[PDB]
Each structure stands twice: as structure tokens, then as C-alpha cells.
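Just one chain is shown here, as C-alpha cells, and it is the form deposited in one PDB entry.
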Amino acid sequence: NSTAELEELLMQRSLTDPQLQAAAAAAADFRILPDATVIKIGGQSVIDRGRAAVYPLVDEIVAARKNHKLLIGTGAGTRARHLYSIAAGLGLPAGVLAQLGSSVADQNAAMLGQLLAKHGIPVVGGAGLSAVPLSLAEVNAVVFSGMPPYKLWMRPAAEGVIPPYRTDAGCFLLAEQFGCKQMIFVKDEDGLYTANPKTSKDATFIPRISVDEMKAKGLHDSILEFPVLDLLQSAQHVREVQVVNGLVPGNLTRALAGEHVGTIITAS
């Protein structure tokens, strides 16, 4: 499977050729930011709730960046749902809705960034990445908007025009692409339950589960919805994710310290 055999296939076959695909799969695997953790701060679940939810998490981020390199992505939330309702009602396609949702995740990132600015932590947009801030002990964190950049080229869902890949997917794909060590979704429930804990006074807490098990149990608790769960199964670098309740004081700090708060969802 040398460079030479791969280079020959790359020159002489379609990229769709199973032989070329197999040869490429044998390439070395460089992790771009292996010591970073990607965290998603929920839009509807956290930022839309204002100071009571956001201030403690800002304190956590500030404390945490002393020991942990963080890429902090934002969700979109209620304003995106509003935009999606208006646009879907007009018959607009998923690619148009996708651009609308990006704007809301960007507003949320701007708000979070303004609370973090005096701590040195920037909002970044091209390379979410941002190599300089991530490398400084004084900094060691950056904020980015969580929507993927697909815009008009968003893949539609099988049914309906709501973009399937939203901010959970965007943050997950960044963690995966940069080869980050950990992916933590910060929302407003303790983790995954056997049912939606807001609409059921009976759901059972699940500390750990695989994507296959979630599908087999026919789980509909969409604390993380399926498109990101399918991405997780295909991932090269990030093979599990953790979902934690950002509303609980210190939960983020504890998850970064290796405590098994919330739900760990594994690819297999």
C-alpha cells in the first residue's frame, strides 16, 4: 500500500474506484489538534436561557482553560426555529433554511464572545481551529459558531426542509476533522433518557450507550438527533461523545476532569 501504488491509483482511476478508496484508507492519520476538547454550548438549551445559564458556564470556561484547550461552539435555538418556520411555510428548501440558521448560531457566538473577551478568548470564524489562541496558556480557548458552512449546498433530510446537519453536527465535524480528544455537548438535561425527560415523568437515565443500541432501542429522545449519531459512527478520530447538563454548576468542569457526568454515547 505504498505512496507509489496510491499515487498510481490516484492518477489512473476514478475517485469512486473501490481500489483507490481502499488504498487511501491505509494513509497515515495526522491529528491536527489532538489535545483540544470541542464543546458545544446549547442554543435553545443554554444560551437562549440567558444569564442564569450562561454566566456560570462562562465562569467554568474561564476556570477550565487553565488546564484544558477548548474549542467552544454555539447552538442556534429559538430564533432559528422561528426562521425555519417562516421559511418552510414559504416553501423554501433546506439549503435556504441552512443559511438562516447560521446567522442565529453566529449571534449566539457573538454574545458568548463578548462575555469572554476580557478573559482573552476570541470568537473565530475561518479556521475555527485558530492556532495562536489555542496555543497560549493565557488563552487556550476560542469560540466559534456551530452551524456547518453548507449553506445552499446543505443536504436535505429525507422528509421536510429543516436542515438535518445543524450545530451539533457542525461541532462534531470540527472535533472529528481536527482529531480532538473529546467532544462534549452541553445542553439542559442530565443526559440521555429512555424517553424525552420534558414530556415524560418516567424516563430512565442512560449513563452509556452505543449508537446501534440507541437505534435498536428505538430511541426518540433526540437530545442528540440522528444525523450527528450517524456521523459519529463514521468518524475516524472522535468515537464517543459526552452529553452533559450545562445548567448544573460545575458539570462542564467535571466532564473536562474525566468525571462520568451525563451520558457517553459511543460509535460502537
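Rigid core: the largest C-alpha set superposing within 1.5 Å between the two forms. Residue indices: 1-based, along the sequence shown. Shifts are known only where both forms have a C-alpha.
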Quiz item: Quick one: higher average CA temperature factor, 208-216 or 57-65?
Solution: 208-216
Quiz prompt | Higher-B stretch (mean Cα B-factor, as the entry records it), 72-80 or 190-198 | solution = 190-198
Quiz prompt | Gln182, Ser135, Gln107, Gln114, ranked by C-alpha B-factor: the highest one | solution = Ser135
Quiz prompt | Of the residues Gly43, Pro227, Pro34, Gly50, the one carrying the largest Cα B-factor as recorded | solution = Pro227
Practice problem: Comparing against every modelled residue in the chain, figure out the third that the C-alpha B-factor of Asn245 lands in (lowest, middle or highest). | Solution: lowest
Quiz item: Sorting the chain's CA B-factors, does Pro93 end up in the lowest, middle or highest third?
Solution: lowest
Quiz item: By the record's CA B-factor, is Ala175 among the lowest, middle or highest third of residues in the chain?
Solution: middle
Quiz item: Among the modelled residues of its chain, does the C-alpha B-factor of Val124 lie in the lowest, middle or highest third?
Solution: highest
Exercise. Can you work out whether the C-alpha temperature factor of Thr167 puts it in the lowest, middle or highest third of the chain?
Key: lowest
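From this point on, the text means the form deposited in another entry, which you will not see here.
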Quiz item: After aligning the rigid core, which of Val161, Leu129, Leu83, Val139 is the one whose Cα travels 2 Å or more between this form and the one not shown?
Solution: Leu129
Quiz item: What happens to the Cα distance from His68 to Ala131 in the other entry: does it get closer or farther than here, with a change of 3 angstroms or more?
Solution: farther
Quiz prompt | Closer or farther: C-alpha pair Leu252/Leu129 in the other entry, relative to this form, given a change of 3 Å or more | solution = farther
Quiz item: With the two forms aligned on the rigid core, where do runs of 3 or more residues move by 2 angstroms or more at the CA atoms between this form and the one not shown?
Solution: 126-138
